[PDB]
Amino acid sequence: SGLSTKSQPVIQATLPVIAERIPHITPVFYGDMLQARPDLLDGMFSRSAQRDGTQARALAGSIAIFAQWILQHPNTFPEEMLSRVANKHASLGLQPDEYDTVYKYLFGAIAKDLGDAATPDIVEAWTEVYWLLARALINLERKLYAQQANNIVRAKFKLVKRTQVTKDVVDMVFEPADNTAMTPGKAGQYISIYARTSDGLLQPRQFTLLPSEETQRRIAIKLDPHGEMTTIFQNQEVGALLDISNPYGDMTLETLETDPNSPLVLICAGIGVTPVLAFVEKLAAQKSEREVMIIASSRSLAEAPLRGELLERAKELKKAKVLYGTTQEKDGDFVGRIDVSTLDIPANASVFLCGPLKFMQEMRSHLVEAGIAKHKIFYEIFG
Ligand SMILES: Cc1cc2nc3c(=O)[nH]c(=O)nc-3n(C[C@H](O)[C@H](O)[C@H](O)COP(=O)(O)OP(=O)(O)OC[C@H]3O[C@@H](n4cnc5c(N)ncnc54)[C@H](O)[C@@H]3O)c2cc1C
Ligand code: HEM
C-alpha cells in the first residue's frame with residue numbers, strides 16, 4: 001500500500017511549509033529524543049553531527065525528499081536513497097523498534113513547532129509518509145542483517161598494525177579479539193568503528209575497507225583537525241581493543257559494472273583513494289579485462305595516501321592507467337585541477353567519484369557539461 005488518496009492532497013499542500021520548518025524542527029526533535037534516550041548518544045548518534053546541526057537535518061530532510069518522490073512517482077520508492085540509508089543503519093545496528101522512538105520525538109517536535117497549525121489532517125498525512133518510509137527501510141535492513149555471518153551488530157577487534165603513511169593518514173589493521181565470525185566484505189564497503197570520546201561517550205565513524213587478509217579489517221584514517229574521533233582513533237596503540245561493525249555499503253564494484261566489458265573511470269581526491277584501492281585490488285584479483293582509468297588528486301605526491309600500493313595493484317591490470325594530479329606541489333603527472341574535457345570518456349563508461357563534497361560537485365558538474373550521463377556517475381560521500 002502506497003500513499004493513500006486521502007493523504008496525497010494534504011502532503012501536496014503542506015510540503016512547502018514542512019520543508020521550510022525542517023531546520024527548526026530538527027534540533028528540537030533530537031534534543032527531546034536524546035534527553036529521553038541518552039543511551040542513543042552512547043553508541044548510535046554522532047555528537048558532532050548534532051553540534052554541526054546541518055548534518056543532523058538529513059533524517060527529517062530525507063522524509064521531505066521521500067514525500068515529494070511518492071507524489072511524483074506513486075507506488076515507487078527512491079531506491080538509491082533507501083539503499084544508502086539502510087546500509088548506514090545496518091552498519092550502526094539500528095533495530096526496528098527504534099522507528100517508534102523517532103516517530104514519537106519527531107512528531108512531538110512538529111507539534112511544538114506548528115502549534116495549533118498541526119491539525120489532525122496534517123499529522124495524519126505526514127504520519128502515513130513516515131511509516132511508508134520506515135517500513136521500507138526496516139525491510140531493507142532486515143535483508144541486510146540476514147546476509148551476515150554472525151548475529152551481532154559489532155564485535156571486538158584488536159589493533160595489530162599501525163603505520164603513519166602520510167603527514168596525516170594512519171593505515172590501521174585490526175583482527176578479531178573475540179570469537180565472532182566475520183562477514184566477508186565486498187570491495188567498496190565500509191565498517192563502523194567505535195571508540196569513546198575523552199568524556200566517555202561511545203561514538204562510531206565509517207571507514208572504507210582496504211585490501212587485507214580475510215581475517216583482518218584494514219582502514220586508512222585521515223586526521224580531521226576539527227573532528228572529534230579521528231584524533232582518538234589515530235592515537236590508539238597496537239594492542240588496543242575497539243568494536244567494529246559488520247561491513248555494509250552499496251557502492252561496490254558490482255554497482256559500477258553495468259555490462260561485462262564497460263570501461264571504468266575512477267576519480268578521487270585525498271583519502272577518497274580508499275574505495276579506489278579496494279576496487280583496483282579486486283579487479284586485479286579477478287584478472288579484469290576492462291579498461292580502467294584512475295585519476296587521483298593530492299596536494300603533493302608525498303601527501304598522496306597509499307599511492308605506492310595503488311600503483312602496484314594497477315600494474316597487475318591488463319588495461320589500467322593511473323594519473324596523479326598535485327594541487328599544491330608541482331610533482332604530479334599533472335598539476336592543478338582535473339580537466340575532464342581532456343579525458344576520452346565513452347558513453348558506456350561508468351565514472352566513480354570519491355573526494356571532498358566540493359571536489360565531487362565540481363567533477364560531477366564538469367562531467368555533465370562534457371556530456372557524461374548523470375546515470376553513469378557514481379559517488380561516495382565521506383560523511
Ligand atoms: C561510507 C564512508 C566511508 C568513509 N571512509 C573513510 C576512509 O576510508 N577514510 C577516512 O579518513 N574517512 C572516511 N570517511 C569519513 C569518516 O567517517 C569521518 O567522517 C571522518 O574521519 C571525520 O571524523 P571525525 O570524528 O574526526 O570528525 P567529526 O567529529 O565527525 O566532525 C566532522 C565535521 O563536523 C564539524 N564539527 C565537528 N565538531 C563540531 C562542533 N563542535 N561544532 C560544529 N561543527 C562541528 C566540522 O566541520 C568537522 O570537520 C568515510 C565516511 C563514510 C560515510
Ligand atoms: C523513517 C525513519 C528514518 C529516516 C527517514 C532516516 C534517515 C536517515 C538519513 C537520510 C541518514 C543519513 C544517511 C547518510 O549519511 O547517507 C541517517 C543517518 C542516521 N540515522 Fe536514520 N533515519 C530514520 C530512522 C532512524 C532511527 C529510528 C535511528 C535510531 C534510533 C536512526 C539513527 C541514525 C544514525 C545514528 C545515523 C548516522 C548519522 C548521525 O549520527 O546522526 N535513524 N538516517
# chains A, B, ... in the order shown; residues from 1 in each chain; ligands from 1

$ residues_around --residues "residue 25 in chain A" --least-positions-apart "6" --cutoff "9 Å" --atoms "only C-alpha atoms" --output "list in words"
residues 57, 60, 106, 109, 110, 112 and 113 of chain A

$ write_last_selection --atoms "C-alpha atoms" --output "short mmCIF file (atom, residue, chain, number, x, y, z; two decimals), in the first residue's frame"
data_model
loop_
_atom_site.label_atom_id
_atom_site.label_comp_id
_atom_site.auth_asym_id
_atom_site.auth_seq_id
_atom_site.Cartn_x
_atom_site.Cartn_y
_atom_site.Cartn_z
CA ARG A 57 18.92 17.61 9.29
CA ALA A 60 13.91 14.70 8.54
CA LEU A 106 9.96 13.84 15.63
CA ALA A 109 8.71 18.45 17.68
CA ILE A 110 6.43 19.01 14.68
CA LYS A 112 5.70 22.05 19.21
CA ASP A 113 6.77 23.96 16.10
#

$ select_by_dssp --residues "range 94-133 of chain A" --states "alpha helix (DSSP H)" --output "ChimeraX atom specification"
/A:98-114,120-133

$ residues_near_ligand --ligand "ligand 1" --cutoff "8 Å" --atoms "only C-alpha atoms and all ligand atoms" --output "number ranges by chain"
A: 46-49, 51-53, 88, 169, 189-192, 205-209, 219-231, 249, 271-275, 380-383

$ residues_around --residues "range 40-42 of chain A" --least-positions-apart "2" --cutoff "9 Å" --atoms "only C-alpha atoms" --output "PDB file with C-alpha atoms, in the first residue's frame"
ATOM      1  CA  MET A  33      14.836  12.326  21.922  1.00  0.00           C
ATOM      2  CA  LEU A  34      18.369  12.397  23.316  1.00  0.00           C
ATOM      3  CA  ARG A  37      17.130   8.255  25.414  1.00  0.00           C
ATOM      4  CA  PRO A  38      20.688   9.305  26.329  1.00  0.00           C
ATOM      5  CA  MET A  44      24.426   5.421  17.886  1.00  0.00           C
ATOM      6  CA  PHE A  45      24.121   9.156  17.096  1.00  0.00           C
ATOM      7  CA  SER A  46      27.163  11.317  16.442  1.00  0.00           C
ATOM      8  CA  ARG A  47      27.566  14.226  18.824  1.00  0.00           C
ATOM      9  CA  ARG A 196      34.947   6.568  23.375  1.00  0.00           C
ATOM     10  CA  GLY A 200      33.348   8.676  27.805  1.00  0.00           C
ATOM     11  CA  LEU A 201      30.666   8.551  25.060  1.00  0.00           C
ATOM     12  CA  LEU A 202      30.890   5.666  22.585  1.00  0.00           C
ATOM     13  CA  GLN A 203      30.918   7.068  19.044  1.00  0.00           C
TER      14      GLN A 203
END

$ residues_near_ligand --ligand "ligand 2" --cutoff "7 Å" --atoms "only C-alpha atoms and all ligand atoms" --output "MDAnalysis selection string"
chainID A and resid 40 44:46 49:50 56 58:60 62:63 84:85 88:89 92 94 98:102 130:131 133:134 383

$ atom_distance --atom1 "CA of residue 96 in chain A" --atom2 "CA of residue 140 in chain A"
10.9 Å

$ residues_around --residues "range 351-359 of chain A" --least-positions-apart "6" --cutoff "6 Å" --atoms "only C-alpha atoms" --output "PyMOL selection string"
chain A and resi 265-269+272+377-380

$ residues_around --residues "range 78-81 of chain A" --least-positions-apart "6" --cutoff "9 Å" --atoms "only C-alpha atoms" --output "list in words"
residues 62, 65, 66, 69, 70 and 250 of chain A

$ closest_residue --among "A:35, A:76, A:166, A:147" --to "residue 105 in chain A" --atoms "only C-alpha atoms"
A:35

$ atom_distance --atom1 "CA of residue 281 in chain A" --atom2 "CA of residue 211 in chain A"
6.8 Å
